[PDB]
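Single chain ahead, written as structure tokens, the form deposited in one PDB entry.
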């Protein structure tokens, strides 16, 4: 008979998961833009002599510079309601860093016993972090200027305070304004004891609801999420039933025999995985929007992976035809040899990664970590960022000519061996499968 009803379900599933992902992405982009702009404004307000683009190189180098930076941060905290453009409120902290009735916590962190005398080549140190904090309470509209840093024993200096604001961007998109609480941490890190103390500002936003959100004249999203859950549960149920029928037929055919073992439809397995991921992501999204969960990364990862998986199934629909079927069977045929060559080239690639790390870590910016070395080599294989690597090595040709020559040999050998042979063999293998399927 005729029954395309099951095929109909999965297209509506693709449609609804795509719309849900688009809506969630738009909302999340708005919230992330708000957070990022608030953080940039915080850096410009609280970091003395800060300019855009100077984030990793922003550091202090003199005792006077460090004192001025700390004092400027505290004074700008005290003058925020007068100078700021953002309508921020104090919190009168009651947590761990802040005592009962203080907004800002200025804390040193230094060794308990530290005596460094480089001139006698002697020292005695007891590694144990002693923390002394000064508490500052904001006026509603004193001794932090007497701070002594103990530079020889210093490990880091941190400033902790929180700010409450109302997100007014949500007036657009017809959302109810959200109550944000930004936890701001300014770190003066001296863990390297190298004379250079980096200064960074990091924020953590805690979104909550507002007690009295009355907005003049102001469930579709929740009902759409419920609809997505329903459609994905129906898809899960039908795929599970189909797998049960498949296993029943597998036992019935095995009872006659008296990759051949498997007789399961992988498309249904992929559909089941996508349905489970979508249901989990939708529940997580309902929670996040209800403001009882923040957890933004996991939900986004689940929803994106599910959307990708459901968009893979259009290949399953295309296999029902013939020319598309042969075009996909060519890749299916070519895959095993591609993996077998991947192993043989991956052992060489790993050896080159280790050698490049161990040799060019001290002298090359792109070779500092193993993951960075892997990314650099992968981009080199595909023809990207080659002259920058060569010029970075060339900028140190006068010093360690041995290292420069080794870098030349290393880079030339790697690029030649991989680009001119490995990729050519990949192309050769896949053309072979194309010919096999046309024969």
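Basically, rigid core = biggest C-alpha set you can superpose within 1.5 Å across the two forms. Residue numbers count along the first chain shown, from 1.
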According to the entry, are there none, 1 to 3, 4 to 9, or 10 or more residues of the deposited sequence without coordinates between residue 141 and residue 142?
10 or more
Going by the PDB record, how many residues of the deposited sequence fall between residue 258 and residue 259 without any coordinates: none, 1 to 3, 4 to 9, or 10 or more?
10 or more
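There is also a form deposited in another entry; it is not shown, and the following applies to it.
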When the rigid core of both forms is overlaid, which of 12, 422, 19, 415 is the one whose C-alpha moves 2 angstroms or more between the shown form and the other one?
422
